[PDB]
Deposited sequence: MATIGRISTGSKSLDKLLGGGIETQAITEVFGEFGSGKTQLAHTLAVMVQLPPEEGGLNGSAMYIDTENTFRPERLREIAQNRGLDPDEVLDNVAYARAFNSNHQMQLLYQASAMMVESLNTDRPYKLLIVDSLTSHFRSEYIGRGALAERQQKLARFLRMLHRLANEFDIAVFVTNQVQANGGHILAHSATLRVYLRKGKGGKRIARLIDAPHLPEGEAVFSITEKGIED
């Protein structure tokens, strides 16, 4: 079946049909400061919750290429949502990716960890790639995307990836596309690339 992970925002969850889906890659596009990283942190916490609370009783994997992953931001999100932050941190597997070859390497290892965590009390249900953004370079990215698609499908996990935009967006094939932008008074606006959600970034992470 297809599982869903709450984003912490009622408005955002409705635009997505209930939250980010498993066995699929969800792509977020936006300019700097649009909230892509904050949403990736929120999800890394939301996935850990029972399905009644909008999670999947799972764990999250976080591949960071922007050096923007913050364990203390995770603590704030967990503490504010009433969760044990030491436990929330234990359930997030984090790797910093220095180059494209390294990212690809980490994907093989992340896959190995998913295999092992299968059928346990807390399997890895989410994979975050922040951020996704020569003849070979284009080819490598395509290969990376194919691997991600195979992971989402074979391990029933939700794949969340971020793209930095410098309007006419070139999205990757077979993904769910969401476009984030800054609205009025700290509010953020979400809209599907293929009607609109409004949300905030708060001490609880993402919320209405």
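Enquirer: Provide the list of deposited-sequence positions lacking C-alpha coordinates, grouped into contiguous ranges.
Expert: Unobserved in coordinates, per deposited numbering: 1-2, 136-147, 181-183, 212-217.
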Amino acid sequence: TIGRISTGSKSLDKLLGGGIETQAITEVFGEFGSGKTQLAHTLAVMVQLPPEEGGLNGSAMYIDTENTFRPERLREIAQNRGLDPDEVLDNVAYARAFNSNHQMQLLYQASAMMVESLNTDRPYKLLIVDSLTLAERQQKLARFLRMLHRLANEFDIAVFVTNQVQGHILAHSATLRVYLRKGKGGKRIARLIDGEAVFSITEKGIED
From here on, numbers count along this sequence of modelled residues.
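Enquirer: Would you mind comparing 181-189 and 15-23 for me and telling me which has the higher average C-alpha temperature factor in the entry?
Expert: Higher mean C-alpha B-factor in the PDB entry: 181-189.
Enquirer: Out of 134-142 and 72-80, which one has CA B-factors that are higher on average in the deposited record?
Expert: It is 134-142.
Enquirer: Hey, what third does residue 64 fall into on Cα B-factor, ranked over its chain?
Expert: As the PDB entry reports it, the C-alpha B-factor of residue 64 lands in the lowest third of its chain.
Enquirer: Can you work out whether the C-alpha temperature factor of residue 172 puts it in the lowest, middle or highest third of the chain?
Expert: It belongs to the middle third of the chain when residues are ordered by C-alpha B-factor.
Enquirer: Grab the CA temperature factor for residue 166 from the record and place it in the lowest, middle or highest third of its chain.
Expert: Top third by C-alpha B-factor.
Enquirer: Split into thirds by Cα B-factor across the chain's modelled residues, where does residue 160 land: lowest, middle or highest?
Expert: As the PDB entry reports it, the C-alpha B-factor of residue 160 lands in the lowest third of its chain.
Enquirer: If you rank the chain by CA B-factor, which third does residue 93 end up in: lowest, middle or highest?
Expert: Residue 93: CA B-factor falls in the lowest third of its chain.
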